Each structure stands twice: as C-alpha cells, then as structure tokens.
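Enquirer: Once you've seen the sequence and the experimental structure below, I've got questions.
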Protein chains: 2
Amino acid sequence: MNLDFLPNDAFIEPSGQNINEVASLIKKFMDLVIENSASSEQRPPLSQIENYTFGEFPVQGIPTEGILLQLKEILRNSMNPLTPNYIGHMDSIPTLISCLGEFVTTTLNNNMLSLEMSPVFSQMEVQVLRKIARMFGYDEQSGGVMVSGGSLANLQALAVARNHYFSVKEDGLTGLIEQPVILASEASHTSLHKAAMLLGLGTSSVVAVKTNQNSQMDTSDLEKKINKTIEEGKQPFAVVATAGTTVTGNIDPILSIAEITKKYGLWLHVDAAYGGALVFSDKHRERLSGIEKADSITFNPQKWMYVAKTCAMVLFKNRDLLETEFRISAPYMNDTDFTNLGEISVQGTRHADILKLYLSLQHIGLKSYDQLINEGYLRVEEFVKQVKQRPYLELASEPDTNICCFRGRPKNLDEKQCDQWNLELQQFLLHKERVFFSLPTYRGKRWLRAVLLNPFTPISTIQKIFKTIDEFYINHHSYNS
Amino acid sequence: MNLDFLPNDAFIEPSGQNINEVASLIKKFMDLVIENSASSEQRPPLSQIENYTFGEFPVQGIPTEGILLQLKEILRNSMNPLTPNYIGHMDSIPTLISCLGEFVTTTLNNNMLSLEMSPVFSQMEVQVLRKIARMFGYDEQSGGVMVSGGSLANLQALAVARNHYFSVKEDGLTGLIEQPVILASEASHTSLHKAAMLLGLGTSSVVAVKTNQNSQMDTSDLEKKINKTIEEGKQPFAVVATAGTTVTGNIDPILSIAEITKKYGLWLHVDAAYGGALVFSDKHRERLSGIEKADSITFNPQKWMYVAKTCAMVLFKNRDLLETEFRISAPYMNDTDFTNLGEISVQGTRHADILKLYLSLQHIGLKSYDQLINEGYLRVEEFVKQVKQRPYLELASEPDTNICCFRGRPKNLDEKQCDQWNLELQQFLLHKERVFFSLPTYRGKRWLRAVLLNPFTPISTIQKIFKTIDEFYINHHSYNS
C-alpha cells in the first residue's frame, strides 16, 4: 500500500507525506550543482576524456547515493563553456534566473499544445513575442511563434512563403511547371539547404550569391543571379538575408536587398539568429537598418541574450498569412477564440520556454542588456586593435559583431605551412593559458575564430594572449629559417 | 569594476566570489517550488482565472523579492495535473529525478549540435537509443534520433520515406508525374496532415481508411483503398499504423498491416507515441506484436514513462537510410568518425534531453515501470467493470490502454439532449469531487474521456465518482419525465 514498491522519493506525493525526503534530495542536488559550477574557472574549458559505459538499465533502482556519484563523474567530464577562457563558440554562460525558471517550468509540467493546458503561459508568450516584434519595427499586424532552434524557424518561414506564392497547401508541388528558386548568400547557414530539401523544393534549389571582401552579399550579383535564373526555366520566389553570419559574424545590407526584392516581388526573409540581439542596444541597433522590410524574421535569444537553451522565435509581418497558409482546420478540439499555438506551429507539444526569457528580462533589465552588448563590442574592438600592428597577422574581414576571425601568415611559409602554423598556434594557446579558439575553414583557409561572449573576460587576458602569440611566433622554427 | 552594474546574483561567477548569494537565491527558489508542489492535491485540478498583465519589460531590474511574489502568483494560477483528481488528459506527474536532471543540464549549458559540444551526452544518447531500439525488436542495424515531440518524428520518418522511394533529395517534386499517396486510419493523429503539407505532398494526399467498432483499421478497407488509388493516377508509397490512438487509446493490427504493405511494397510507419511504453511491460508487451516489421517507429517516453517534457525519439530499421536519404554533406565542420547529431536531424541545436530519461531509468528501474503499467491497467479494468452494469452508460469501444471513453445515453433523450446531459455531467463531476474528465467529440458525439495515469488514484475514488454519477442520474430532471 501507499506505493511500497517505488522509492520513497520517486515522486512528489500530492498529499505531502514524503516532503522531508524530497527536500533532502533537492538539497543534495542543489549543493552538488553549486559546488560544480562555482569552480568553473579552475577547470579547463575542454576535456579530452569521454565516457562510454551506458545503455544497460538496472533491474533494481539504484539509491540516490551512487546515482549522485555517477552524476558528479559525468559532470566533471562535461564541456565547460562557463569559464572566461572559452571564446571559441557562440555558447556562453547562462543567467541563473533562466535556469531556475526552467526548473520551475519542468516541475509544473504544463503544455503549450492548447490554452487549457497553459492558461497563463500562452498569453504571456503572445504578449512577449508581440513586444519583441514591436521592438524589431513591426506594426500591430505582426505576429510570432516560438520554436526549438532557428532551423525550425527557417523551415516555417520558407514553408509559409512557398504556400503563399504557389498555393500548394492542398494540392502539392507535382503539378507546378517551373521549379521555385531561393537565392541565398554564399556565407549563409547550412539550415537553408535542409529546409529546402524537406519542403520538396530540392537541395539544389538554393542558389548562392557572391560576397564582397567583408562576407557581405553583393547586390549587383544578386540582381544578375535573379535575371539569369528567370531567363532559364526556374523562377525565383524568396531571398534570404543573413545578419551575423556563422563564421565571421558579418551583417548583410538588408536595406538594398529589401529594395531589390520589392522591385522583383520576392519574399524577403531575415535570419537574425545572432544579430537580432542588437535591437536591445541603443548605440548599435542601427546596424540592422531595414530589417522592418522583411516578410519574416528568425531570432534566437539564447545566443546573445544569455538565456538557457533553448529559446528561439520566428516573427511574421502579417498574422493572417500564418493563420491561412500554415494553419489547418483539421483538429476539432474545444472551440475557443484564442488560437491554439499547436495549430500554427511546426510542432504540437512544446516545453514552456517563455518563462525563462521573461524572468531573465525582468531580473536583468533593458539597461543591463545594453551595457552587456556594449562591453562585448568594446572587447571586440580591443581584439581588433591588437590583431593589427602585427605584420604576420591578418583579418578575414572587419568585424561587425563580437566575433573576430584572424590568422597568421608568415612571409616565407606557403598555404599548407600557414595552415599547420595556425593549427599549432591554436593547440599552443589551448594548452598554455587554457584559452579556446575555434578553428573554422573559410575561403579554403583555416582561421582562428574568437567569439567574445563571456562577460568576465578582461582586457588583460587579451593582452596576455597576444603576448603569448608573439612568444610562439618568435620561438617557432619558421622564424629561424 | 567586477560587473558593478549587474545584480550580485545575475550570473554564477566562475571565480566563485558570489557563491553565498547564488546559494541563497537557489534555496529560496527550491523552498518555493517544494511548498507549491507538496500541496498539489489540495488545489483544484483546473482554475478558471488567467493573468494578462505582461509584455512591459522594466528599465531597472526588479530585486529577487517581488520577482518571487510574481512567480508564486503565476504558479498558483497554473494548471494542476499533479493532483490525483486529474484523469482527463495524457499529462501526468513527472519523476523528480527527471526534473533535477533537466535543471542540471540547463546549468551545464552544453549542446547536441556536435560531439565537441557534448562529449559524453552524444554517446549516452546513442547507446540509450540503441538499447531502446533493441527492446522494440530491431537488430544492430537499427538507429534512432531524439527530437522535440512526436510531430517532428513523424515528419522525419515521412521525409525519409519520400526521399527513399522518389529520390527528390536534390531535384524536387515538380518533375514527378503521379502524386504520392499516404494511407492512414480515420482515427489517426492530426500531425500526419501537417507533415504531408510541409513536405509538398499535399494536405489531401493523406487517404483515410475505415475502422471497425473498436477504432481499429480495417485491413480489407485498406486493401480496397490501395487498389482504388492505384487504378487512379496516384500511387501509394506509405502506410501509417497507429498504436494507442488519441481519443480511445486503441491499437491497430500492426501484423496484418505489415503483411499487406510487404505484399504491395509500401513503407510501413508505426506511431507508438503512447503505446510504445508497453515494451517495458512483460505482461502486456504482446499487444504490440508485429511492431518489428515497421520501417520506422515514433516513440514518446514523456507520456507513459513519467519523464518531464520533452522527450521523444524516432527509430529506423536501417541506419544507412538516415545516413544517405536525410544527411547532407554541405557542412564542413571538423572531421570526426562519429556522425554529428545535427546532420541527421530536423533541428541542429537541441537541449540535452537524454539525461532526464537516463536518470529516470536508473532511479526507478525496469521492474518498477512494469509495476506502474500493470497498476494502470488494473485501474482501467476496474473503470470498465464499473462502467458496465449501468444501462444508461455506454462505451465507445473496449479499451486497450489505460484510456476509457464512455458516455450516458438516457432512453428518452435524443442526440442533442444526450450531448447536453454529458456536458452537464462533466461539469457536475468537476465541481463536486474536482475530478477532471476530458470531453472529446468522436463519431459525432461527445464522450467523457478518462486517462488513468496518476499512480495515486485508488479504486475507492473510482467507486466514489461512479456513486456521484448515479446520484446525478437519479437527481436529473430527465428521469422524472
């Protein structure tokens, strides 16, 4: 009786008889997490060792002790992006309030499928997304939806555009004569190809446009590509403008692209998954000029807003387009004026991600977020200043965000020797000061990429890193030759 | 200096200077959550009041106090599925260890985009999904991937099938002559239509097949539909078998469907989002006989396994099909033997959901899950027994899972009067004993639907609701007439 087979703390009994055991277990977990996270800076950003002993469920439930030991062992070997010496990827330190809100949401166990399941979260999400859309420059007719990652947002926007221009919602793409074409920058994200493939358009449907030296779209090249594809059998219907590309973090000229698309009557989609956070900065918001011309926007607050994963949204200039092109009246649930979020979304059941974003915005505030963005820009400006004044160092392009991609180009060394030199420098930096630099391959060459997101990285760290770089250059065998 | 603009507990400093403030805030949040969840049974399962004052971000960060007040006021008005008197929907009480694991994963802030970002979680997920696939009856060639909800799993399976049969991965669906057809049961989930629409096949591509009295697919009707669609221009390519339908929770005859699909060479896809948990029950696993014949399976551990949302996976009989049909070699990240989970998935960045499932399996064990499933079946059997022996009560169909849909059919009342009687009975039951019954519309009539997932619901409760039903029937004005 009273569930004697289950462990005394398997569930939180609604009556509340086992409150003491639940409290003790929660306290143990909280203490372990606090101890692990407090000493993040001491541990190296990356660990080479990995664990591979899983996939054997026990017949008898293991006690809380032992489980805690295994959890601690797993945690020690996990990736460590919380240390200040991790400036290689877009992952950064998340706000504490967001993590606590995520825990609260998991404990509540509500659902975003319908309003009945989320009486308050649905309205909160609607209002918060409306405020964000207003901040991007849209009117009251604009409307958005939250998804799990920017890939789903891109897929939803492309599907809506395809349905609106071709009206294949109920028939399909088999009867169409000319293949639709989507034009994208040659430095665009890899999710565009997957989205095009999943919609039946074809992986080869995406047509790449040339970019200038700063990894920005070339408007004349875009016009030439549009004309060349029109003369052929295919017909263009969408143009994708990327703000904050993946590698160099550059921003396309959205204003000219929007003008061209309006001239040719194409659907303009803006992918500001990283650059969107600029709308929270008074000084640097103008870098996104013309974003109000796009027919849809993809935004990821989890990147530059320090919100625990995952938080991502897609915004549309017109709500009726989402209500008609995407929505299907097949479901016959209870009639309610409020539109269920599962009908106009790619996925039906979704975890309530609005709470963490709302809590983060309330706790930090607008001014603090503006200050954080300004500090990141200051760090990137100092990094760029240090990169110059060194003949052997060259920049891929002038930065537009807190991302800087640079490389070493010894005069005597050739391309392969330069790549080996860059890889050796990355390894040396990682092993000496525990500073992590990503090593992407752009334009056929390896570049050391640094994303400056950690608020605790000081200028002295950058100066010490560059001093170590100079020491490595002087001590390397190439200089002797 | 030292981030004087931010609140003292906005982030967990890697150095560890503000450990005391972080600990105090975490303790406050834990105490609030424990207090709220302990008294879940006292609060009614549903609350009519909703909050609508959001969407105004503060210029200055509010202190932790006040934020806690607003958080608790929000919590009090949230839906309450943790009470034993909530048997209306598939939502239930989640395991505590899963919630704690979710909190730990959020604190770690790793990523499933690539192995480097999740050195251990990737391997853990691969091994756990392999074990689950082996438990469904697949061989070593089988392979799975976790997504966010069953809708994404259905979309991925349908996309893989379409690419495999038609080879439109690089060209598109415009050149095809005959429209592809997918045959589904008339009681199938609404996500099939959305998946068909998103893939360019067409919302009308899905062809509905008749069902017997028990809401199960009719094999002869399936064969007739296949022949009739073949004679026409269209050509079938996939057949969808649903285990544990949404309304009545019935299971289709997967063995005969698989035999027919093999005879006609179609892709069989099994959607066991709810029924899949039966593979953890020794006594009732045989209800899923023939599931090993399917070319893909969609499973949702979050429903019948009491895992905090969201946890869902899709399994494939062949890994090479996923490696070829779905994977695109466009990304040029670091070369590694281990395949990145973002290339073979609909979404790139995903929160680590494997940890909560692994922790739940370790803490509870296999025997405890078997016992929980058996107890649910016992409750449903008692519910069915009580439903009979009452002339005015009729069952939609004989249950196959812990879901029972029944209704009241007074002899004198007509259809509209019967529907009004059912709605009034639902309201009366909700208002007297705080017992929540869902009110779906099936076959043109409203049915009181009860999903028995709460482990703390005893038989005496069922007897009490049935006595209340008898009292309502006797006291209703229809009986006097």
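Expert: Cool, the structure landed. Numbers count the residues shown, from 1 in each chain, chains lettered A, B, ... in the order given.
Enquirer: State which one residue of the stretch 201-350 of chain A is found closest to chain B.
Expert: Per CB to the nearest CB, residue A:202 is where the stretch 201-350 of chain A lies closest to chain B, at 3.5 Å. For the C-beta atoms, the positions are set from N, CA and C on the backbone; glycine is no exception.
Enquirer: residue contacts, that residue?
Expert: Residue A:202 makes contacts with A:179, A:196, B:168, B:169, B:170, B:171, B:172, as judged by CB atoms under 8 Å, 6 or more residues apart in numbering or on different chains.
Enquirer: Would you report the backbone torsion angles of the residue lying closest to the third one once chain neighbours are set aside?
Expert: It refers to residue B:168. Excluding its sequence neighbours, the residue lying closest to residue B:168 (CB to CB, 6 or more residues apart in numbering or on different chains) is residue A:200, at 6.2 Å. Backbone torsions for residue A:200, taken as degrees, to the nearest 10, come to phi 80, psi 0.
Enquirer: So what does residue A:315 look like in phi/psi?
Expert: phi -120, psi 140.
Enquirer: Is it in contact with residue A:138, as I believe?
Expert: Yes: in this structure, residue A:315 is within contact of residue A:138 by CB atoms under 8 Å, at 6.7 Å.
Enquirer: okay, these two: which has more neighbours?
Expert: Each of residue A:315 and residue A:138 has its neighbours counted (other CB atoms under 10 Å in any protein chain shown); residue A:315 has more, 24 against 21.
Enquirer: how about that one, what does it touch?
Expert: A:129, A:132, A:133, A:136, A:138, A:142, A:143, A:144, A:296, A:297, A:299.
Enquirer: Pipe those into CSV and attach secondary structure and distance to chain B per row.
Expert: Shown next, in CSV, are these (DSSP: H, G, I helix; E, B strand; the rest coil; distance: CB to the nearest CB, whole Å):
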residue, secondary structure, distance to chain B
A:129, helix, 9
A:132, helix, 9
A:133, helix, 11
A:136, helix, 14
A:138, coil, 14
A:142, coil, 14
A:143, strand, 13
A:144, strand, 12
A:296, strand, 16
A:297, strand, 18
A:299, strand, 14
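Enquirer: Tell me the one of these nearest residue A:279?
Expert: residue A:136 (5.8 Å; CB to CB).
Enquirer: surely the closest one meets residue A:293?
Expert: No: contact status for residue A:136 versus residue A:293: not in contact, 11.1 Å apart, counting by CB under 8 Å.
Enquirer: Count residues in the vicinity of the residue in the stretch 51-200 of chain A positioned nearest to chain B, would you?
Expert: Residue nearest to chain B within the stretch 51-200 of chain A (CB to the nearest CB): residue A:200, separated by 2.9 Å. By other CB under 10 Å, 28 other residues sit near residue A:200.
Enquirer: how near is it to residue A:251?
Expert: For residue A:200, the distance to residue A:251 equals 31 Å [CB to CB, to the nearest Å].
Enquirer: So what's the residue count around residue A:48?
Expert: 7.
Enquirer: for residue A:342, same thing?
Expert: Neighbour number of residue A:342 under other CB under 10 Å is 23.
Enquirer: Give me the nearest residue to it, chain neighbours excluded.
Expert: Nearest non-adjacent residue to residue A:342 (CB to CB, 6+ apart): residue A:348, at 4.1 Å.
Enquirer: just residue A:319 next, same as before
Expert: residue A:143 (3.7 Å).
Enquirer: wait, what's in contact with the residue of the stretch 51-200 of chain A closest to chain B?
Expert: By CB under 8 Å, 6+ apart, the neighbours of residue A:200 are A:173, B:162, B:168, B:172, B:173, B:199, B:200, B:201.
Enquirer: what about burial for the residues you listed, which qualify?
Expert: Neighbour-count burial (16 or more other CB atoms under 10 Å in any protein chain shown) applied to those gives A:173, B:162, B:168, B:172, B:173, B:199, B:200, B:201.
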